[PDB]
Each structure stands twice: as structure tokens, then as C-alpha cells.
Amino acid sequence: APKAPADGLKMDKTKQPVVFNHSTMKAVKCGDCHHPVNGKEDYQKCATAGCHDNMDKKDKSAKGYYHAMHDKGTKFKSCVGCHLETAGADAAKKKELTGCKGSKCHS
């Protein structure tokens, strides 16, 4: 099976780059993020051609990169979607985990 990469991984398709640490989300099963495509968990980079390669942040299609990281109501929880459930009614955790600025994702 594939191995989780080191922490400090750069997501930098955009001008608002974010650091991703596998270790802090080890409680999540790999395939919740590296989700099935054509019946097989896919471990390619999220913005691989044909995947989430549409860099218009308004796009809501299966190619929308921003959509895949930020939106609710998605087939697999997005970064923000899952973090919202974790934070619950805790406003401090909401700021840390879902805030658009001054959060753990965006400074």
C-alpha cells in the first residue's frame, strides 16, 4: 500500500499556498481523501490533469480545485467541510480550522 509522505507538504497551485501535514489527520482513513475514482482509491496529486485541474475558484464541477478544498455538501468531505464538523459550535476551533484568514490554513 502507498505510504504517507512527510509532513510539511506544500499545496501551491494558487497564490494562497497551504501546508498539509498527514500526521495531524492520521485518524482519517487514507481513502477518505485519496478517494475512489473508477472504483479505485486514487493517490495522484489532486490537481492532476483530468482531476481537479480547473483553477477558476467559482467552478463547482468535479474539476474545480477550490471547490474540492472549501465547499460543503460534497460527496467526500472537503478540507473545510470536515473541519466544520470537527469544530462544531466551538468558535475558536472554527477560526483555527475554517477561518479564511488567520487560520491554520491561511495566515
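All residue numbers are counted from 1 along the displayed sequence.
The entry assigns its greatest Cα B factor, within the set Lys58, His34, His52, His70, to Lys58. Among the modelled residues of the chain, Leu97 sits in the middle third by CA temperature factor in this PDB entry. Among all modelled residues in this chain, the alpha-carbon of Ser78 has a temperature factor (C-alpha) in the lowest third. Per-chain ranking of the deposited C-alpha B factor places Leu84 in the highest third.
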